[PDB]
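So this first bit is one chain, no partners, the form deposited without the RNA, shown in structure tokens.
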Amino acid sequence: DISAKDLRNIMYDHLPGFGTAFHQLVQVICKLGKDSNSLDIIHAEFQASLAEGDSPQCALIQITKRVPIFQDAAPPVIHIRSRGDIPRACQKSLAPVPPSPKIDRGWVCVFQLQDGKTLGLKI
């Protein structure tokens, strides 16, 4: 049995850089995974994807397409003060938020700014 913190660190162990769209997706996947008691199936698929030769980014996308809790799941909204509060490595990954964003379509999270503006983090 793996904890949410331990699984997040395993995933971070593989990812290049820091504050990337993929780091955020790790946090999203571990939160929904913990809350749905899906951490072990997530862990097992992540390990098999890597063994099969997938990039760790692609292992994470495969989890969102395959693990039942991500079926139809919408991204969380993260309240922040201003756009400068979004990690640098996320700054070229932001796009207008559609009506009904889904994580398994690549909408990782939505930033909502203090002025009301929303910016969708997109892969």
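Throughout, we count residues from 1 along the sequence that is shown.
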{"property": "Mean temperature factor over C-alpha atoms, higher-scoring stretch between 85-93 and 23-31", "result": "85-93"}
{"property": "112-120 set against 4-12, stretch whose average Cα temperature factor tops the other in the entry", "result": "112-120"}
{"property": "Residue, from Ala51, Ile80, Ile61, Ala44, that the PDB entry assigns the highest Cα B-factor", "result": "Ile80"}
{"property": "For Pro99, the third of its chain into which the C-alpha B factor falls", "result": "highest"}
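Here the subject shifts to the form deposited with the RNA bound, a form of this protein not shown in this document.
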query: Proximity to the RNA in the deposited bound form, single hit among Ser82, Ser36, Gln47, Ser55 (heavy atom within 4.5 Å); finding: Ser55
query: Triple contact flag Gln24, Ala73 and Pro76 to the RNA in the deposited bound form, non-hydrogen atom at 4.5 angstroms; finding: no
query: Partner proximity in the deposited bound form: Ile123 to the RNA, non-hydrogen atom cutoff 4.5 Å; finding: yes
query: is_contact(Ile86, the RNA) in the deposited bound form, heavy atom dist at most 4.5 Å; finding: no
query: Touches the RNA in the deposited bound form: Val97 (any heavy atom, 4.5 Å); finding: no
query: Contact flag, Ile41 vs the RNA in the deposited bound form, heavy atom cut 4.5 Å; finding: no
query: Stretch 9-31: residues contacting the RNA in the deposited bound form, 4.5 Å heavy atom cut-off; finding: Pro16, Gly17, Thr20, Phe22
